[PDB]
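J.: Sharing a structure with you now.
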Amino acid sequence: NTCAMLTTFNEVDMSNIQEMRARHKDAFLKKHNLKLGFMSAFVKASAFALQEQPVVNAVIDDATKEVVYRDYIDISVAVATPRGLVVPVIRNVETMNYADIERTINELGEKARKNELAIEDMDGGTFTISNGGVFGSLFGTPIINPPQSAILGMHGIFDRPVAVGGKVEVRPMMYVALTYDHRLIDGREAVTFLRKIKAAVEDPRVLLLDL
Amino acid sequence: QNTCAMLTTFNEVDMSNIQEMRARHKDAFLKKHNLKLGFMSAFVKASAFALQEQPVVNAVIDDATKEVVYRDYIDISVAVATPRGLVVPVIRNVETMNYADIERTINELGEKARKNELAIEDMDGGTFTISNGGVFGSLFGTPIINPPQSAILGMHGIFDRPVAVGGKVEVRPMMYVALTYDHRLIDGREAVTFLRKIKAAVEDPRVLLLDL
Amino acid sequence: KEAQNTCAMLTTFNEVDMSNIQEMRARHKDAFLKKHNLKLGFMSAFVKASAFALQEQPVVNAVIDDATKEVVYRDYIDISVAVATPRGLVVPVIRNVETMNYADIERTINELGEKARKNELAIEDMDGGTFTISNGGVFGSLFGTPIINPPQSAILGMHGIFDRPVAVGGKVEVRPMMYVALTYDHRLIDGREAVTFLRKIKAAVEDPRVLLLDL
Amino acid sequence: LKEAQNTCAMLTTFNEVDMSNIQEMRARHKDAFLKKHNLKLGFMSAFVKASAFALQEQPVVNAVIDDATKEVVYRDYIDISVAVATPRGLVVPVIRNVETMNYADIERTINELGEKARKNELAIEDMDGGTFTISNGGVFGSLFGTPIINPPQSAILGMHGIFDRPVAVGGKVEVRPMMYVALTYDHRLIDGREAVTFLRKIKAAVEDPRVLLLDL
Amino acid sequence: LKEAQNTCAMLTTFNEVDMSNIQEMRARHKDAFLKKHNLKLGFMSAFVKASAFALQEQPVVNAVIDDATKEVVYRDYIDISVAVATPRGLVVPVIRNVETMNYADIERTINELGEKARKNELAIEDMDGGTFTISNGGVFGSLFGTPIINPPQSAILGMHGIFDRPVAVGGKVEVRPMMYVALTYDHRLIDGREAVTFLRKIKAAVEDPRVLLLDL
């Protein structure tokens, strides 16, 4: 009786991020000592789209029926543990490039694995990401954890035949999801947000171009 | 999903035949009716046909008396998106209508919406809600039932995907369609058949004339 | 609805290649009729896959007790398969599913269908299920979200088998694929458990040899 | 300018940058860039941002010989002084705080500064304070040549025309739009290694702009 | 630097060198060279020996304009100042009487000088006094550029990176490992024709080392 949940889906062509991870895999590891991953691209695209559409960043206060707009943006990434899935928080992401996002993700994942994370940074955040792609999933409905207003559900990357230029081609594709609440965000805004994340991931130069 | 009854179903409709009709007859349509040809009329007519062939979907549960009302008239509330927002203008008596009339009424209601002469009378009483979120590129998604009716058809963007025909791979322009229905009056079989029948009517518009 | 509010149901989807199942049906239909006097189908494979996955994963089989707030555990698996009758839909439950194979599942399904058709199906053969499989693919559906029948904790949504082009080994071929959906009670089952459960079901259906190999 | 060509002891280094990705990105995003940002995508934003990247990773070049005290001051800010072409002549407007700008922000600054200069509104504050120069003589069809260090700065990047030239990729021969770029540096502060690495970083940033996001 | 730029009016002439012969000889002789000399073959020794040969044939470049007397001094000995990589920074050790050794001894001299500079035991005895400096930029992948004359020499060689480039050999295009070579010379002593001939002799002696043996 609190939240009514609805979901929209879309698909992202991960054929450019794979190339980046395939060419700058040793230089990045030599200069920073971390493994390149898909998660930084999606975090940065989420930050870009949240900046473009601040209504997705806002949240309704059910106690006073007030809409609070938050200028800071934080994606609450998720890492799985044997005792249960735990959701850390990446803080102040609108001014981090791929290196900083990757390093924060690595540190938070290590802390979750060795169990030294307390509630001080587990609470808060304006966005969530539920990367269910570690365990191969085609697509699905992700739950909104409280008190957020939307969550991105990333699933596994699979090779399926897609039609580009009228010809059947095999490219690595990912199904993305966006569980929002109609009480705050309309369907058009959620569709535009997901499509903008898709655009910013499938061509990272959009971030440099501000498109 | 708690206070929605939710429980949606999805299908794929091929739009090769509909775009062929548009490419063939859009000039004549503009010359005669002074309008433009889209895929909206196909979906509205298909929904009307599907509602004719099984009216239990068109029914509404009255929780006040535990009574199901089987309304005979078909009233489809086509949603037109405007920068101010999405509204629900209602097209009356879709059973006695064709593609030209449906397009004309859709355009007229949209024009009333642009200048905001949308009276309360032409904003309710609909038996079925058709929401087009496909004007914004989206693969598929789950829409929401509009009260008091118990179903809604939401179409999405048209993309070209490879699909098998006769065992051979061929690229055709396809759509994803969705239907969220209240399980308290219509079971899964009925709603799946309803969506299949809408898809069959849109894919081959001549089944409307053949009355299948 | 009170049941809707109390249960927070979430859905996840996957796809199954129905290439091995159809081949085994093609090669093992006449022998099935000669031996068991009964025709082969699709439901037995999915029922057995769900049974094997539940045996490996007891959490999905378990249900929370609403009366006392206890996650009561069940050492026994009973799938509740929905059969179709002219007078409507009924959900008979097949009992002691761990200790039978494809042949006995077909026998039980046939007996329950012929009992429902002729209207001698009592209340003992109706309740007591632990997991449900909804075969919504008979009426040609692509995919969708099923609903859990109480007091069960999860449902597997079987859909129609469609000839669809999919790339395996870098080549595009046409294979008969089916979309599977798992609507699960999130209060008890987590995302990892649900995804792994659906993957185990899909793997067992794609290769029936996994069941006897006990992976 | 004569009192710099010998006192600064300039040496010139040259490299080729492959403008395939830049042209690809322009062809792909020009329509949307004009529709949303109300400008036109260009070559110079990429080069200015690449220079900012290289001056971030290599701060000795960003420094200047302070002849008063023989000091090498490591600035925490980068001041790119682009040569904007005007019908009257060539001027040197400056872009300030180039560490944090996207391609669109640099485009907007360059277009606004060019409109200011063409309509004769350029102020001194928009002309002084340079730290690195991106003088572009390539719209004149030049192949390659040696630029001159702009005082008080310690280096300058000279850009020239873009021509389709045969190159080797994986042992095969393919024609692609190839570009000759030059760097004229003060060898008293910058070793050969430092200047060559500077040009390699600029070339890598221009060839694959994804490096800027990837922070490699 | 300041003095070299201000006093000498150094001019630079350029050329391109095939390295396919050197690459082939390395590919076929690396294993034997390592097994016998316990050293790994390099591209540098061929260039040093070719420069020594060209200095032998043209003794004008093997000479210095004496500043005090405005005269020329002809050195019968050839010394080359090869720059050796080092994390501290590149230095300039000197090889003595380069014309008397082949590739094998130049390789061992370079290896010993690199080992000694790595441990920073580079004495000034074997550090200053050369006659012709050679600078390598191929380890940082520079395309081409003008090197600075190390004083008090009269010229310098400007070896750069080696890149596969499409070139014309007998009317058809094939990709061969090609490298730009540059010579910065004091035009006061060495004339234009002498500088071009010197660079051409270095080119000839590097393109096929059999000229060195053949004494062409």
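Labels for the structure tokens follow display order: chains A, B, ..., residues from 1 in each chain, ligands from 1.
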For residue 50 of chain B, list every protein, DNA or RNA residue within 6 Å, evaluated using only C-alpha atoms, and leave out those in the same chain fewer than 3 positions away; present the list as a count of residues only.
T.: 5
J.: Would you please extract all strand (DSSP E) residues from segment 19-108 of chain D, as assigned by DSSP on the backbone, and give them as number ranges by chain?
T.: D: 65-66, 71-72, 79-81, 84-85, 90-91, 94-96
J.: Now that the selection is made, can you save its residues with C-alpha atoms as a CSV table (one decimal), in the first residue's frame?
T.:
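Final file, selection.csv:
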```
chain,number,residue,atom,x,y,z
D,65,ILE,CA,61.1,29.4,-17.1
D,66,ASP,CA,60.7,32.3,-14.8
D,71,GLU,CA,62.2,29.1,-11.4
D,72,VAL,CA,60.0,26.4,-12.8
D,79,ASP,CA,45.4,28.2,-20.0
D,80,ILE,CA,45.1,27.3,-23.7
D,81,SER,CA,45.5,30.2,-26.0
D,84,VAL,CA,41.2,32.3,-33.8
D,85,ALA,CA,41.0,33.1,-37.5
D,90,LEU,CA,44.9,36.1,-36.6
D,91,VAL,CA,44.3,36.8,-32.9
D,94,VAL,CA,42.4,32.3,-24.4
D,95,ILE,CA,40.3,29.5,-22.8
D,96,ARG,CA,40.6,29.5,-19.0
```
J.: Can you pull out the residues contacting residue 86 of chain B? Cut-off 9 Å, using only C-alpha atoms, and skip same-chain residues under 6 positions away; I want them as a ChimeraX atom specification.
T.: /A:186,188 /B:79-80,131
J.: Save out the residues we just selected, C-alpha atoms, as a tab-separated table (two decimals), in the first residue's frame.
T.:
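Ended up saving to selection_26.tsv:
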```
chain	number	residue	atom	x	y	z
A	186	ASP	CA	5.95	9.47	-16.08
A	188	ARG	CA	8.02	9.22	-21.18
B	79	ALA	CA	-3.88	8.23	-25.07
B	80	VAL	CA	-2.26	11.10	-26.98
B	131	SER	CA	-1.33	3.93	-24.42
```
J.: Could you work out which residues of chain A fall inside 9 Å of chain B? Count only C-alpha atoms, and format the result as a PDB file with C-alpha atoms, in the first residue's frame.
T.:
```
ATOM      1  CA  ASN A   1       0.000   0.000   0.000  1.00  0.00           C
ATOM      2  CA  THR A   2       3.121   2.176  -0.114  1.00  0.00           C
ATOM      3  CA  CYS A   3       4.668   1.859  -3.594  1.00  0.00           C
ATOM      4  CA  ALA A   4       3.124   0.719  -6.883  1.00  0.00           C
ATOM      5  CA  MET A   5       5.852  -0.745  -9.087  1.00  0.00           C
ATOM      6  CA  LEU A   6       6.109  -0.648 -12.872  1.00  0.00           C
ATOM      7  CA  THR A   7       9.053  -1.447 -15.118  1.00  0.00           C
ATOM      8  CA  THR A   8      10.367  -0.527 -18.557  1.00  0.00           C
ATOM      9  CA  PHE A   9      13.055  -2.383 -20.486  1.00  0.00           C
ATOM     10  CA  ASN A  10      15.495  -1.630 -23.299  1.00  0.00           C
ATOM     11  CA  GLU A  11      18.580  -3.131 -24.921  1.00  0.00           C
ATOM     12  CA  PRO A 161      21.775 -11.914 -33.863  1.00  0.00           C
ATOM     13  CA  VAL A 162      20.750  -8.293 -34.386  1.00  0.00           C
ATOM     14  CA  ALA A 163      19.922  -6.443 -37.600  1.00  0.00           C
ATOM     15  CA  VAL A 164      22.097  -3.414 -38.376  1.00  0.00           C
ATOM     16  CA  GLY A 166      19.331  -4.482 -42.783  1.00  0.00           C
ATOM     17  CA  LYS A 167      21.827  -7.332 -42.327  1.00  0.00           C
ATOM     18  CA  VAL A 168      21.880  -9.950 -39.583  1.00  0.00           C
ATOM     19  CA  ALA A 177      15.700  -2.305 -17.066  1.00  0.00           C
ATOM     20  CA  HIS A 182       4.490   6.402 -11.735  1.00  0.00           C
ATOM     21  CA  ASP A 186       5.950   9.475 -16.075  1.00  0.00           C
ATOM     22  CA  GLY A 187       6.551   6.781 -18.667  1.00  0.00           C
ATOM     23  CA  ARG A 188       8.020   9.218 -21.185  1.00  0.00           C
ATOM     24  CA  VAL A 191      11.889   5.833 -21.390  1.00  0.00           C
ATOM     25  CA  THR A 192      14.032   8.869 -22.217  1.00  0.00           C
ATOM     26  CA  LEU A 194      16.851   4.560 -20.173  1.00  0.00           C
ATOM     27  CA  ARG A 195      17.414   5.467 -23.830  1.00  0.00           C
TER      28      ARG A 195
END
```
J.: Write down, as a ChimeraX atom specification, each residue of chain C that has any atom within 6 Å of an atom of chain B, counting only C-alpha atoms.
T.: /C:4-5,142-145,164-165
J.: Those same residues, written as a short mmCIF file (atom, residue, chain, number, x, y, z; two decimals), in the first residue's frame with C-alpha atoms?
T.:
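Wrote result12.cif, looks like this:
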```
data_model
loop_
_atom_site.label_atom_id
_atom_site.label_comp_id
_atom_site.auth_asym_id
_atom_site.auth_seq_id
_atom_site.Cartn_x
_atom_site.Cartn_y
_atom_site.Cartn_z
CA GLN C 4 -1.29 -9.25 -3.13
CA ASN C 5 -0.25 -6.84 -0.37
CA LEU C 142 5.59 -15.10 -25.82
CA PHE C 143 6.33 -14.25 -22.18
CA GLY C 144 4.64 -12.74 -19.17
CA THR C 145 4.38 -12.61 -15.39
CA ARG C 164 13.41 -17.94 -33.34
CA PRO C 165 16.84 -17.08 -34.78
#
```
J.: Could you pull the residues within 7 Å of segment 118-133 of chain E, counting only C-alpha atoms, minus those fewer than 2 positions along the same chain, as an NGL selection string?
T.: :E and (62 or 78-82 or 86 or 92-94 or 114-116 or 135 or 150 or 153 or 155-157)
J.: Could you superpose chain D on chain E by least squares over every Cα, matched in sequence order, and send it back as an mmCIF file with C-alpha atoms, in the first residue's frame?
T.:
```
data_model
loop_
_atom_site.group_PDB
_atom_site.id
_atom_site.type_symbol
_atom_site.label_atom_id
_atom_site.label_comp_id
_atom_site.auth_asym_id
_atom_site.auth_seq_id
_atom_site.Cartn_x
_atom_site.Cartn_y
_atom_site.Cartn_z
ATOM 1 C CA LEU D 1 71.666 25.331 -24.944
ATOM 2 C CA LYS D 2 70.180 28.648 -26.057
ATOM 3 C CA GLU D 3 73.633 30.020 -26.925
ATOM 4 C CA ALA D 4 73.936 27.386 -29.677
ATOM 5 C CA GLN D 5 70.602 27.427 -31.548
ATOM 6 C CA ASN D 6 71.483 30.839 -33.030
ATOM 7 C CA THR D 7 75.277 31.115 -32.776
ATOM 8 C CA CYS D 8 75.835 27.812 -34.601
ATOM 9 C CA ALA D 9 73.240 28.753 -37.260
ATOM 10 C CA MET D 10 71.901 25.213 -37.335
ATOM 11 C CA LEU D 11 70.021 23.808 -40.301
ATOM 12 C CA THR D 12 68.244 20.454 -40.186
ATOM 13 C CA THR D 13 68.158 17.892 -42.992
ATOM 14 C CA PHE D 14 65.960 14.799 -43.005
ATOM 15 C CA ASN D 15 66.049 11.429 -44.754
ATOM 16 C CA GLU D 16 64.316 8.067 -44.585
ATOM 17 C CA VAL D 17 66.297 4.863 -44.028
ATOM 18 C CA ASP D 18 64.833 1.462 -44.871
ATOM 19 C CA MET D 19 65.337 -0.875 -41.907
ATOM 20 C CA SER D 20 64.544 -4.080 -43.759
ATOM 21 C CA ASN D 21 68.068 -5.507 -43.942
ATOM 22 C CA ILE D 22 68.797 -4.586 -40.317
ATOM 23 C CA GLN D 23 65.669 -6.330 -39.035
ATOM 24 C CA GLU D 24 66.385 -9.290 -41.326
ATOM 25 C CA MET D 25 69.912 -9.610 -39.946
ATOM 26 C CA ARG D 26 68.655 -9.356 -36.368
ATOM 27 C CA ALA D 27 66.030 -12.052 -36.906
ATOM 28 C CA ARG D 28 68.637 -14.275 -38.575
ATOM 29 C CA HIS D 29 71.538 -13.756 -36.148
ATOM 30 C CA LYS D 30 70.043 -12.827 -32.749
ATOM 31 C CA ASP D 31 70.049 -16.381 -31.379
ATOM 32 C CA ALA D 32 73.689 -16.966 -32.302
ATOM 33 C CA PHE D 33 74.682 -13.467 -31.154
ATOM 34 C CA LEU D 34 73.242 -14.131 -27.697
ATOM 35 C CA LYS D 35 74.649 -17.673 -27.588
ATOM 36 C CA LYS D 36 78.204 -16.620 -28.466
ATOM 37 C CA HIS D 37 78.637 -12.965 -27.487
ATOM 38 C CA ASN D 38 76.273 -12.899 -24.460
ATOM 39 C CA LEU D 39 74.462 -9.724 -25.589
ATOM 40 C CA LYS D 40 71.460 -8.741 -27.726
ATOM 41 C CA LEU D 41 71.657 -7.336 -31.254
ATOM 42 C CA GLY D 42 70.406 -3.754 -31.581
ATOM 43 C CA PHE D 43 69.638 -0.849 -33.933
ATOM 44 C CA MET D 44 72.218 1.590 -32.527
ATOM 45 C CA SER D 45 75.360 -0.379 -33.430
ATOM 46 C CA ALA D 46 74.449 -0.071 -37.104
ATOM 47 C CA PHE D 47 73.842 3.669 -36.808
ATOM 48 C CA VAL D 48 77.041 4.333 -34.847
ATOM 49 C CA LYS D 49 79.126 2.352 -37.336
ATOM 50 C CA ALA D 50 77.411 4.139 -40.234
ATOM 51 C CA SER D 51 78.258 7.478 -38.619
ATOM 52 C CA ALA D 52 81.871 6.349 -38.249
ATOM 53 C CA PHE D 53 81.914 5.364 -41.927
ATOM 54 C CA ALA D 54 80.510 8.724 -43.033
ATOM 55 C CA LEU D 55 82.972 10.626 -40.839
ATOM 56 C CA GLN D 56 85.762 8.575 -42.409
ATOM 57 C CA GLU D 57 84.682 9.431 -45.955
ATOM 58 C CA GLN D 58 83.840 13.060 -45.063
ATOM 59 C CA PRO D 59 86.248 14.657 -42.561
ATOM 60 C CA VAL D 60 84.963 18.250 -42.710
ATOM 61 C CA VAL D 61 81.892 17.283 -40.678
ATOM 62 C CA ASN D 62 84.188 15.477 -38.229
ATOM 63 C CA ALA D 63 86.066 18.771 -37.790
ATOM 64 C CA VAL D 64 85.062 21.553 -35.386
ATOM 65 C CA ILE D 65 85.126 25.337 -35.669
ATOM 66 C CA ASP D 66 87.885 26.264 -33.232
ATOM 67 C CA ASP D 67 86.450 29.645 -32.260
ATOM 68 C CA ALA D 68 89.770 30.604 -30.652
ATOM 69 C CA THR D 69 91.585 30.767 -34.006
ATOM 70 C CA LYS D 70 88.864 30.188 -36.658
ATOM 71 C CA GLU D 71 90.527 26.843 -37.353
ATOM 72 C CA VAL D 72 89.082 23.691 -38.904
ATOM 73 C CA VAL D 73 91.024 20.814 -37.342
ATOM 74 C CA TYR D 74 90.680 17.495 -39.180
ATOM 75 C CA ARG D 75 90.714 14.848 -36.457
ATOM 76 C CA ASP D 76 92.232 11.458 -37.266
ATOM 77 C CA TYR D 77 89.910 9.865 -34.683
ATOM 78 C CA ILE D 78 86.120 9.710 -34.384
ATOM 79 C CA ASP D 79 84.421 10.077 -30.992
ATOM 80 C CA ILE D 80 80.744 9.100 -31.095
ATOM 81 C CA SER D 81 78.753 10.335 -28.084
ATOM 82 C CA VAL D 82 75.608 8.200 -27.830
ATOM 83 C CA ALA D 83 72.679 9.314 -25.661
ATOM 84 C CA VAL D 84 72.087 6.352 -23.338
ATOM 85 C CA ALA D 85 68.598 6.186 -21.844
ATOM 86 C CA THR D 86 68.490 5.641 -18.076
ATOM 87 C CA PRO D 87 65.600 5.754 -15.585
ATOM 88 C CA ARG D 88 67.184 8.819 -13.975
ATOM 89 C CA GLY D 89 67.349 10.587 -17.331
ATOM 90 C CA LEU D 90 69.364 10.971 -20.510
ATOM 91 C CA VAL D 91 73.165 10.994 -20.318
ATOM 92 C CA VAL D 92 75.815 11.249 -23.032
ATOM 93 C CA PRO D 93 78.380 8.424 -22.806
ATOM 94 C CA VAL D 94 81.091 8.342 -25.469
ATOM 95 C CA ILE D 95 82.602 5.567 -27.581
ATOM 96 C CA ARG D 96 86.249 6.166 -28.441
ATOM 97 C CA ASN D 97 88.157 4.994 -31.524
ATOM 98 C CA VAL D 98 85.105 3.982 -33.558
ATOM 99 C CA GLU D 99 87.057 3.620 -36.825
ATOM 100 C CA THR D 100 87.967 0.005 -35.999
ATOM 101 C CA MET D 101 85.065 -1.738 -34.289
ATOM 102 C CA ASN D 102 82.633 -4.356 -35.516
ATOM 103 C CA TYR D 103 78.940 -4.398 -34.627
ATOM 104 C CA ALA D 104 79.590 -6.711 -31.674
ATOM 105 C CA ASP D 105 82.288 -4.481 -30.180
ATOM 106 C CA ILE D 106 79.972 -1.451 -30.332
ATOM 107 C CA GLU D 107 77.187 -3.526 -28.768
ATOM 108 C CA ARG D 108 79.485 -4.570 -25.926
ATOM 109 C CA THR D 109 80.652 -1.000 -25.329
ATOM 110 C CA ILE D 110 77.090 0.360 -25.335
ATOM 111 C CA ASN D 111 75.806 -2.357 -22.993
ATOM 112 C CA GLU D 112 78.739 -1.968 -20.591
ATOM 113 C CA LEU D 113 78.370 1.821 -20.608
ATOM 114 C CA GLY D 114 74.636 1.538 -19.956
ATOM 115 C CA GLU D 115 75.244 -0.838 -17.057
ATOM 116 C CA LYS D 116 77.803 1.647 -15.725
ATOM 117 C CA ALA D 117 75.370 4.566 -16.033
ATOM 118 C CA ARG D 118 72.285 2.824 -14.627
ATOM 119 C CA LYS D 119 74.209 1.646 -11.544
ATOM 120 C CA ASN D 120 75.598 5.207 -11.149
ATOM 121 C CA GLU D 121 79.229 4.614 -12.096
ATOM 122 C CA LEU D 122 79.613 6.794 -15.218
ATOM 123 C CA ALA D 123 82.828 8.808 -15.091
ATOM 124 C CA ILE D 124 83.611 12.095 -16.823
ATOM 125 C CA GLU D 125 86.201 10.422 -19.069
ATOM 126 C CA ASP D 126 83.307 8.338 -20.417
ATOM 127 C CA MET D 127 81.243 11.525 -20.898
ATOM 128 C CA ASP D 128 83.539 14.141 -22.460
ATOM 129 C CA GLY D 129 85.344 14.376 -25.776
ATOM 130 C CA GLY D 130 82.506 13.851 -28.239
ATOM 131 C CA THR D 131 82.873 14.622 -31.927
ATOM 132 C CA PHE D 132 79.469 13.513 -33.223
ATOM 133 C CA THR D 133 76.187 12.746 -31.456
ATOM 134 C CA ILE D 134 73.747 9.884 -32.087
ATOM 135 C CA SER D 135 70.983 10.974 -29.694
ATOM 136 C CA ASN D 136 68.187 8.411 -30.052
ATOM 137 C CA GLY D 137 64.666 9.504 -29.141
ATOM 138 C CA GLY D 138 62.983 6.772 -31.178
ATOM 139 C CA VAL D 139 62.005 4.419 -28.353
ATOM 140 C CA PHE D 140 59.504 7.151 -27.459
ATOM 141 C CA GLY D 141 57.500 6.852 -30.688
ATOM 142 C CA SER D 142 58.532 10.185 -32.202
ATOM 143 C CA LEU D 143 57.988 10.570 -35.939
ATOM 144 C CA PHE D 144 60.613 13.227 -36.684
ATOM 145 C CA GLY D 145 61.923 16.403 -35.106
ATOM 146 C CA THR D 146 64.848 18.789 -34.993
ATOM 147 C CA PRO D 147 67.707 17.922 -32.606
ATOM 148 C CA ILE D 148 70.223 20.353 -31.135
ATOM 149 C CA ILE D 149 73.964 20.410 -31.803
ATOM 150 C CA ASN D 150 75.857 19.120 -28.773
ATOM 151 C CA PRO D 151 78.824 21.392 -27.971
ATOM 152 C CA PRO D 152 81.661 21.604 -28.862
ATOM 153 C CA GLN D 153 80.670 19.281 -31.712
ATOM 154 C CA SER D 154 79.492 20.609 -35.073
ATOM 155 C CA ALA D 155 76.651 18.190 -35.912
ATOM 156 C CA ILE D 156 74.225 15.666 -34.438
ATOM 157 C CA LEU D 157 72.245 12.714 -35.797
ATOM 158 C CA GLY D 158 68.704 12.417 -34.457
ATOM 159 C CA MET D 159 66.965 9.061 -34.708
ATOM 160 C CA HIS D 160 63.227 8.630 -34.291
ATOM 161 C CA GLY D 161 60.653 5.865 -34.195
ATOM 162 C CA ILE D 162 60.302 3.116 -36.780
ATOM 163 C CA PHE D 163 56.888 2.722 -38.384
ATOM 164 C CA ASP D 164 55.596 0.542 -41.193
ATOM 165 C CA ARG D 165 54.833 2.912 -44.048
ATOM 166 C CA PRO D 166 53.895 2.436 -47.704
ATOM 167 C CA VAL D 167 56.815 3.001 -50.065
ATOM 168 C CA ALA D 168 57.507 2.597 -53.773
ATOM 169 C CA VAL D 169 59.887 -0.127 -54.976
ATOM 170 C CA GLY D 170 60.092 -0.600 -58.731
ATOM 171 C CA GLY D 171 56.779 1.184 -59.248
ATOM 172 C CA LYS D 172 54.840 -1.132 -56.913
ATOM 173 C CA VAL D 173 53.589 -0.299 -53.412
ATOM 174 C CA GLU D 174 54.964 -2.359 -50.526
ATOM 175 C CA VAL D 175 54.808 -1.831 -46.764
ATOM 176 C CA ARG D 176 58.159 -2.051 -45.001
ATOM 177 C CA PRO D 177 59.539 -0.739 -41.684
ATOM 178 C CA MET D 178 60.626 2.775 -42.561
ATOM 179 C CA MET D 179 62.575 5.200 -40.407
ATOM 180 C CA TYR D 180 62.921 8.996 -40.278
ATOM 181 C CA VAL D 181 66.397 10.324 -39.491
ATOM 182 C CA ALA D 182 67.594 13.892 -38.956
ATOM 183 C CA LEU D 183 70.904 15.753 -39.060
ATOM 184 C CA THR D 184 71.361 19.198 -37.508
ATOM 185 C CA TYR D 185 74.567 20.847 -38.684
ATOM 186 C CA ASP D 186 76.581 24.050 -38.394
ATOM 187 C CA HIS D 187 76.147 25.703 -41.787
ATOM 188 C CA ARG D 188 79.281 27.836 -41.351
ATOM 189 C CA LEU D 189 81.486 24.759 -41.890
ATOM 190 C CA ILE D 190 79.117 22.382 -43.698
ATOM 191 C CA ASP D 191 77.518 23.333 -46.994
ATOM 192 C CA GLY D 192 74.153 21.918 -47.981
ATOM 193 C CA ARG D 193 75.927 19.485 -50.300
ATOM 194 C CA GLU D 194 78.192 18.207 -47.521
ATOM 195 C CA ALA D 195 75.358 17.606 -45.042
ATOM 196 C CA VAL D 196 73.081 16.010 -47.633
ATOM 197 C CA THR D 197 75.934 13.733 -48.729
ATOM 198 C CA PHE D 198 76.593 12.888 -45.069
ATOM 199 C CA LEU D 199 72.988 11.796 -44.572
ATOM 200 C CA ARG D 200 72.990 9.858 -47.852
ATOM 201 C CA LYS D 201 76.135 7.995 -46.785
ATOM 202 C CA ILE D 202 74.639 7.170 -43.379
ATOM 203 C CA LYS D 203 71.387 6.030 -45.008
ATOM 204 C CA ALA D 204 73.236 3.854 -47.530
ATOM 205 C CA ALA D 205 75.391 2.300 -44.807
ATOM 206 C CA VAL D 206 72.376 1.487 -42.617
ATOM 207 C CA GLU D 207 70.209 0.198 -45.479
ATOM 208 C CA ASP D 208 72.886 -2.201 -46.788
ATOM 209 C CA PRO D 209 75.526 -2.822 -44.085
ATOM 210 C CA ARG D 210 77.571 -4.803 -46.618
ATOM 211 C CA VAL D 211 78.838 -1.407 -47.834
ATOM 212 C CA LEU D 212 81.065 -1.176 -44.750
ATOM 213 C CA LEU D 213 82.921 -4.343 -45.747
ATOM 214 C CA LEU D 214 82.807 -3.398 -49.427
ATOM 215 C CA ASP D 215 84.221 0.047 -48.507
ATOM 216 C CA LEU D 216 82.091 1.922 -51.024
#
```
J.: Could you tell me how far atom CA of residue 201 of chain A sits from atom CA of residue 182 of chain C, in Å to one decimal place?
T.: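 Atom-to-atom, atom CA of residue 182 of chain C and atom CA of residue 201 of chain A are spaced 28.7 Å apart.
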J.: Contacts between chain C and chain A, please, where a residue of chain A counts if it comes within 9 Å (with only C-alpha atoms); show its shortest atom pair and distance in Å to one decimal, rows by chain and ascending number, as a tab-separated table.
T.:
```
residue	atom	partner	partner_atom	distance
A:1	CA	C:5	CA	6.9
A:80	CA	C:192	CA	8.1
A:84	CA	C:190	CA	7.9
A:85	CA	C:190	CA	8.0
A:132	CA	C:191	CA	7.8
A:135	CA	C:195	CA	6.7
A:136	CA	C:195	CA	7.3
A:137	CA	C:14	CA	6.3
A:138	CA	C:14	CA	5.0
A:139	CA	C:13	CA	5.4
A:140	CA	C:12	CA	3.9
A:141	CA	C:11	CA	5.5
A:142	CA	C:10	CA	7.4
A:143	CA	C:10	CA	7.4
A:159	CA	C:167	CA	6.5
A:160	CA	C:167	CA	5.1
A:161	CA	C:167	CA	5.7
A:168	CA	C:172	CA	8.2
A:169	CA	C:172	CA	8.3
A:170	CA	C:167	CA	6.9
```
J.: Might you pull out every residue within 12 Å of residue 62 of chain B, with only C-alpha atoms counted and same-chain residues fewer than 3 positions away left off, and present them as number ranges by chain?
T.: B: 59, 65-70, 147-150, 184-185
